[PDB]
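Chemist: I'd like to ask you about the structure that follows.
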Amino acid sequence: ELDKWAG
Amino acid sequence: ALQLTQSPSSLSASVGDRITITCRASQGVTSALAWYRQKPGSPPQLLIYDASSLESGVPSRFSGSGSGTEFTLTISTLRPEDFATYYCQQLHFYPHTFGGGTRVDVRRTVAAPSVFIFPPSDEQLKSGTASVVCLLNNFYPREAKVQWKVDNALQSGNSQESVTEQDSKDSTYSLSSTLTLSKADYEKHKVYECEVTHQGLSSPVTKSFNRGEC
Amino acid sequence: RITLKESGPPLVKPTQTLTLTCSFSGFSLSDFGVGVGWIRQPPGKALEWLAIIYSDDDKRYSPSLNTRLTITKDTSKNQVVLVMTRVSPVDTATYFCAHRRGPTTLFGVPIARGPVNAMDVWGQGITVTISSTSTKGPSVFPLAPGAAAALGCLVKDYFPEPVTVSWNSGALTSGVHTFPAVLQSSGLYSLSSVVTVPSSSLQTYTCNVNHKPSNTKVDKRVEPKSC
């Protein structure tokens, strides 16, 4: 899934 | 998962050269990519974060560019401390993958290995095991391939090898490969061969012996 | 100045549980968006990401190791612990913990996320060996033969690392190559040490082997066989 500070 | 492929895996260079290492991702990672330099025996050290930002305290000869699926690290004027292994790391998707690394070593002229094959000692044989060792001495570049053959059968899964670090005077590497068999299996065959492929050798060289021949 | 340091057992046996501690200074795991992760490196191999934990306590793990890893933090002690269960020999590696910055803030307002894209400070790393072996001294065997000749000693079946090898009590150095040991499937190490000399010197050659762990010193003179 996506990195924390991405989005 | 996401794949990060570095190129080249190994690279030779000299002090003062400009080198560039590249890292490609299987899916876009935006700008979430970092480069590190790791010297033997030490932890990796951050050079570039967020694809192109220069980390504080890192020398300006290091530069990073790219975004999406293709990134590059370039060192504009290679210094002695840069002979090392470099890694890229993606931080857009979990898990936070690392590339395979690219080794940067001192360039020197191609040198083929001097190859030697050693039969197991009678002393070892009495303990029931048989080690056949093959030595590839002082060669360059680092990549070399050793293939063991016993009575012409290709061996697999029964050997181990290790390589020295680049010699500080020679700039060459040496490689030791050990073929291990029970004394019993050892005794069931005659021709033990170490086949070596390397860039400096026109064609593969084979060193061998016939067991028990006296 | 941020510094991290790993601690735990250097040796662990298969099926056992490995607990590694990262103690750090210079930041708090209560600081905004900060992370501490763990990365490992088997000898001679690439870096491999294991897990990370943030100050808001979100945890993430490598999918390949998820079932065997637990990461936790102890904010008041400035430590992060990683517990790996059921280890096996392939888990032998140097284990590093590392700091990950949180977004830059301005008057406590997040304004830049670019700094989170890297693990910026690393610990020196802690070497962990997984083997069921008990301490054991090496058996030393002879390795006997541009027109250079080669000979050496095969330092076999010892545990744990390290072992020291020299030639002629330290007087022979040119042409000497002592290779890094390989950890055999048996859980014991093995290494060769060789030396190349002008095919004429065949002068005497003796390897001096010393495995401190087991109090085993051996000097083995090696010559060109045939009586």
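Letters for chains follow the order of the structure tokens (A, B, ...), residue numbers begin at 1 for each chain, and ligand numbers begin at 1 in the order shown.
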Please produce, as CSV, a per-residue contact table for chain B versus chain A (criterion: any atom at most 12 Å away, only C-alpha atoms considered), showing the nearest atom pair and its distance in Å to one decimal, sorted by chain then residue number.
Modeler:
residue,atom,partner,partner_atom,distance
B:1,CA,A:1,CA,9.8
B:2,CA,A:1,CA,10.4
B:28,CA,A:2,CA,11.7
B:29,CA,A:6,CA,9.8
B:30,CA,A:6,CA,9.2
B:31,CA,A:6,CA,10.1
B:32,CA,A:6,CA,8.6
B:33,CA,A:3,CA,11.8
B:50,CA,A:6,CA,11.8
B:90,CA,A:3,CA,9.7
B:91,CA,A:3,CA,6.4
B:92,CA,A:3,CA,4.8
B:93,CA,A:2,CA,4.5
B:94,CA,A:1,CA,5.6
B:95,CA,A:1,CA,8.1
B:96,CA,A:3,CA,8.1
B:97,CA,A:3,CA,11.4
Chemist: Please report as a tab-separated table every residue of chain C lying within 10 Å of chain A, along with the nearest atom pair and their distance in Å (one decimal), using only C-alpha atoms.
Modeler:
residue	atom	partner	partner_atom	distance
C:33	CA	A:5	CA	8.8
C:54	CA	A:4	CA	9.5
C:58	CA	A:4	CA	9.0
C:60	CA	A:3	CA	9.6
C:102	CA	A:5	CA	8.5
C:103	CA	A:5	CA	8.1
C:113	CA	A:5	CA	6.8
C:114	CA	A:5	CA	9.1
C:116	CA	A:5	CA	7.3
C:117	CA	A:5	CA	8.7
Chemist: Could you produce a table of the residues of chain C lying within 7 Å of chain B, with the nearest pair of atoms per residue and their separation in Å rounded to one decimal, using only C-alpha atoms, ordered by chain and increasing residue number, as CSV?
Modeler:
residue,atom,partner,partner_atom,distance
C:46,CA,B:100,CA,5.5
C:47,CA,B:98,CA,6.3
C:48,CA,B:98,CA,6.5
C:49,CA,B:97,CA,6.3
C:61,CA,B:95,CA,6.9
C:62,CA,B:95,CA,5.5
C:114,CA,B:50,CA,5.3
C:115,CA,B:50,CA,6.7
C:117,CA,B:50,CA,4.9
C:118,CA,B:34,CA,5.2
C:120,CA,B:46,CA,5.6
C:122,CA,B:43,CA,6.5
C:123,CA,B:43,CA,6.9
C:124,CA,B:43,CA,5.5
C:125,CA,B:43,CA,6.6
C:141,CA,B:121,CA,6.5
C:142,CA,B:121,CA,6.4
C:143,CA,B:118,CA,5.9
C:144,CA,B:118,CA,6.3
C:145,CA,B:118,CA,6.5
C:179,CA,B:164,CA,5.6
C:180,CA,B:162,CA,6.1
C:182,CA,B:162,CA,7.0
Chemist: One decimal, in Å: what's the spacing between atom CA of residue C:85 and atom CA of residue C:136?
Modeler: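 Calculated distance between atom CA of residue C:85 and atom CA of residue C:136 is 26.2 Å.
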Chemist: Using only C-alpha atoms, pick whichever of B:62, B:83, B:71, B:140 has the shortest atom-to-atom distance to residue B:198.
Modeler: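 Checking each candidate against residue B:198, we get B:140 as the closest.
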Chemist: Which polymer residues have any atom within 6 Å of an atom of residue B:148, counting only C-alpha atoms, with same-chain residues fewer than 6 positions away left out, as a list in words?
Modeler: residues 155, 193 and 194 of chain B
Chemist: Hey, can you spit out that residue selection with N, CA, C and O atoms as a PDB file, in the first residue's frame?
Modeler:
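Once everything was written out, this is selection-v1.pdb:
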ATOM      1  N   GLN B 155      28.563 -29.774 -11.435  1.00  0.00           N
ATOM      2  CA  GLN B 155      28.202 -29.821 -10.018  1.00  0.00           C
ATOM      3  C   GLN B 155      27.295 -28.654  -9.617  1.00  0.00           C
ATOM      4  O   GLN B 155      27.415 -27.540 -10.131  1.00  0.00           O
ATOM      5  N   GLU B 193      37.421 -31.244 -11.877  1.00  0.00           N
ATOM      6  CA  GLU B 193      37.765 -30.074 -12.670  1.00  0.00           C
ATOM      7  C   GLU B 193      37.121 -28.777 -12.211  1.00  0.00           C
ATOM      8  O   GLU B 193      35.954 -28.738 -11.850  1.00  0.00           O
ATOM      9  N   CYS B 194      37.887 -27.696 -12.290  1.00  0.00           N
ATOM     10  CA  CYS B 194      37.442 -26.353 -11.950  1.00  0.00           C
ATOM     11  C   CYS B 194      37.499 -25.547 -13.275  1.00  0.00           C
ATOM     12  O   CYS B 194      38.594 -25.199 -13.775  1.00  0.00           O
TER      13      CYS B 194
END
Chemist: Would you mind writing down, as a list in words, each residue of stretch 91-145 of chain C that DSSP on the backbone assigns to helix (DSSP H, G or I)?
Modeler: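 Written out, the helix (DSSP H, G or I) residues of stretch 91-145 of chain C are residues 91, 114, 115 and 116 of chain C.
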Chemist: Write the residues you've just listed into a file as a PDB file, in the first residue's frame, and include C-alpha atoms for each of them.
Modeler:
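Output file selection_17.pdb is given in full below:
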ATOM      1  CA  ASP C  91      18.463 -14.553   9.206  1.00  0.00           C
ATOM      2  CA  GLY C 114      10.251  16.101   1.109  1.00  0.00           C
ATOM      3  CA  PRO C 115      12.400  15.467   4.229  1.00  0.00           C
ATOM      4  CA  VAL C 116      10.573  12.218   5.032  1.00  0.00           C
TER       5      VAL C 116
END
Chemist: Between B:112, B:184, B:73, B:136, single out the one closest to residue C:195, counting only C-alpha atoms.
Modeler: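 Counting only C-alpha atoms, the residue closest to residue C:195 is B:136.
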Chemist: Please report the interatomic distance between atom CA of residue C:59 and atom CA of residue C:71 in Å with one decimal.
Modeler: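 Atom-to-atom, atom CA of residue C:59 and atom CA of residue C:71 are spaced 7.2 Å apart.
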Chemist: In Å to one decimal, how far is atom CA of residue B:54 from atom CA of residue C:37?
Modeler: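 About the pair atom CA of residue C:37 and atom CA of residue B:54: they are 21.6 Å apart.
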Chemist: Where does DSSP see strand (DSSP E) in stretch 94-210 of chain C, if you list the residues as a ChimeraX atom specification?
Modeler: /C:94-100,104-105,110-112,121-122,126-130,139-143,148-158,164-167,176-178,182-183,189-198,205-210
Chemist: Near stretch 203-211 of chain B, counting only C-alpha atoms, which residues have an atom at most 6 Å away, once you skip same-chain residues fewer than 4 positions from it, shown as a PyMOL selection string?
Modeler: chain B and resi 190-197
Chemist: Would you mind listing what lies within 12 Å of residue C:200 as a VMD selection string, with only C-alpha atoms counted and same-chain residues fewer than 5 positions away left out?
Modeler: chain C and resid 146 to 150 224
Chemist: Excluding stretch 168-177 of chain C and any residue of its chain fewer than 6 positions from it, enumerate the residues within 7 Å of it, using only C-alpha atoms, and give them as a PyMOL selection string.
Modeler: chain C and resi 193-197+205-208
Chemist: Which residues are close to residue C:164, i.e. within 10 Å by only C-alpha atoms, leaving aside same-chain residues fewer than 5 positions away? Reply as a count of residues only.
Modeler: 9
